[PDB]
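Chains, contacts and geometry: an overview
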Amino acid sequence: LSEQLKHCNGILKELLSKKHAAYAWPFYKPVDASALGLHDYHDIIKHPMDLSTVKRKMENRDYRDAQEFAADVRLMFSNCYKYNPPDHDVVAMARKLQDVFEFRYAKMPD
Ligand SMILES: Cc1sc2c(c1C)C(c1ccc(Cl)cc1)=N[C@@H](CC(=O)OC(C)(C)C)c1[nH]nc(C)[n+]1-2
Ligand code: NI
Ligand code: NI
């Protein structure tokens, strides 16, 4: 399951890669709610998450198993789906990146 964590790290690297940058970019760093004018963001989203935070957690050996990693990546998407109306541009981006994630996560070594 060090094997499994390596698969997770590969997925993370892919999500951050140029291949997917057109839709991944909003998820690169924490939402800066004040900068964006989203003064209700932290009232609605109790547990912010983004790919830089996932990357720091992976580098620090925070995640003890693949399931913990996947829960954080999915939290990041869920936050987007919670905050924004379903027809929003950023939601379309989240759905695309989540498709990339879920398909490759499903290829986890046993
Ligand atoms: C850096 C980031 S983080 C992010 C966004 C941006 C820009 C965008 C966004 C990204 C891409 C495109 Cl084409 C459009 C919007 N939207 C906001 C919510 C919003 O409504 O913000 C505006 C007030 C529209 C700025 C949002 N929700 N969740 C996330 C992760 N984001
Ligand atoms: Ni550990
Ligand atoms: Ni989960």
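Summarised in this report is the structure supplied together with it. (Residues numbered from 1 in each chain as written, not as in the entry; some residues may be left out. Chains lettered and ligands numbered in written order. Heavy atoms only, no water. Residues with missing side-chain atoms left out of burial classes, pairs and counts.)

**What to know about the nonpolar core**
Ranked by size, the top nonpolar core spans 29 residues in total, and within it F27, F69, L97 and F101 carry the most contacts. Contributions of two or more residues to this core are made by α1 (2-15), α2 (21-24), α5 (51-59), α6 (66-83) and α7 (89-105). Tallying contributions element by element places α7 first for this core, with eight residues. (Core = buried A, V, L, I, M, F, W, Y, C linked by side-chain atoms within 4.5 Å. Buried < 20%, exposed > 50% of the residue type's maximum accessible area, 1.4 Å probe, protein only. Helix = DSSP H or I, 4+ residues; strand = E, 2+ residues; numbered from the N terminus.)

**Here we look at the site of ligand 1**
Ligand 1 sits among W25, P26, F27, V31, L36, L38, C80, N84, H88, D89, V90 and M93. Here a nitrogen atom of ligand 1 sits 3.0 Å away from a polar atom, N or O, in the side chain of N84. The separation between an oxygen atom of ligand 1 and a polar side-chain atom of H88 is 3.2 Å. Taking 620 Å² as the accessible area of ligand 1 by itself, protein coverage stands at 68%. Per-element accounting of the shell around ligand 1 gives the leading share, three residues, to α7. (Near = heavy atom within 4 Å. Polar contact = N/O pair within 3.5 Å; in protein donor to acceptor, adjacent residues only side chain to side chain. Areas by Shrake-Rupley, 256 points an atom, 1.4 Å probe, with all protein chains shown as cover.)

**Brief notes about unusual backbone geometry**
Unlike most non-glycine residues, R61 shows phi in positive territory, near 60 degrees. Relative to the elements of secondary structure, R61 occurs in the loop between α5 and α6.

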